[PDB]
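Below is one structure, written out as structure tokens; comments come after it.
There are 2 protein chains.
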Amino acid sequence: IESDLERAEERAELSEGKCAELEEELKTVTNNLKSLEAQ
Amino acid sequence: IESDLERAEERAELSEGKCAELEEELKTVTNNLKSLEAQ
Numbered sequence: 172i173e174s175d176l177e178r179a180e181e182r183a184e185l186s187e188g189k190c191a192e193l194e195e196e197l198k199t200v201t202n203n204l205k206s207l208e209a210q
Numbered sequence: 172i173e174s175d176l177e178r179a180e181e182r183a184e185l186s187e188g189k190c191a192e193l194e195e196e197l198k199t200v201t202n203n204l205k206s207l208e209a210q
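Line by line, the protein sequences are chains P and O.
Residues 172 to 210 (the deposited numbering) are what the first sequence spells out, left to right.
Residues 172 to 210 (the deposited numbering) are what the second sequence spells out, left to right.
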């Protein structure tokens, strides 16, 4: 169960980092879309 | 350790669910941006 918990924490950290990066990417993409939609 | 694994799996699977929703949101907004920029 300890061996289970360590890899569970590792994948959780990886997923959280990926989610944060994708949230930043979403913010940038929607900012560019809003800027381009003016024309 | 069992309790730790339980709530770890809980918020982990919540994280991948949110990540998948964010992935599809990025895909659709990118498609919309490409469609607008095509013309």
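Cβ atoms here follow ideal geometry from the backbone N, Cα and C, with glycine treated the same way.
Contact check for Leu207(P) against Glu208(O) passes: the beta carbons are separated by less than 8 Å. When Cβ-Cβ separations below 8 Å define contact, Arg182(P) makes contact with chain O. If you draw a straight line from the Cα of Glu177(O) to the Cα of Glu187(P), it is about 17 Å long. Interface criterion met: the Cβ of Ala179(P) is under 8 Å from a Cβ in chain O.
The distance from the Cβ of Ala183(P) to that of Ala191(O) is about 16 Å, inconsistent with a contact at the 8 Å cut-off.
Boundaries of the alpha helix (DSSP H) harbouring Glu180(P): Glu173 to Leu207, taken from the DSSP string.
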